[PDB]
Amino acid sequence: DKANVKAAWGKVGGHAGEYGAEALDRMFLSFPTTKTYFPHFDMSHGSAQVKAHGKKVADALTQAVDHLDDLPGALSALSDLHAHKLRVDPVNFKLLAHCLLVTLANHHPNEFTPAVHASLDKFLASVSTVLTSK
């Protein structure tokens, strides 16, 4: 089980910072309220900040796929940041997860099968649950 979500993540390019950046761009454009968490970011289309943040998000999720047996432990610091410090409303994690699925499907539809879609949705929801906890 933990190998297969791990396999699927790589096969749809989940490692790629550029896809993290595109997911953020999609989220900011479709759901403008999410921008209020990033007032320090230049939002100009080719934003260096969005590119760098896309890599942070992709890298964190890629690390997490190696730790499906204990996500709360793997994501401890990130949970503190998002839940305690930033107080991100849980609705926003559902928006970013959806935009990540949209992005991965966009570039690698052949690898983004219904089964892979289901697995990755569960993975991203699981990460979201941990990040929304205290």
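Heads up: residue numbers just count along the shown sequence, starting at 1.
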| property | result |
| --- | --- |
| Mean Cα B-factor comparison, 111-119 or 6-14, giving the higher one as deposited | 6-14 |
| Segment of higher mean CA temperature factor, 99-107 or 57-65 | 57-65 |
| Out of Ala52, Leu81, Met43, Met27, residue topping the C-alpha B-factor column of the entry | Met43 |
| Third of chain Cα B-factors occupied by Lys94 | lowest |
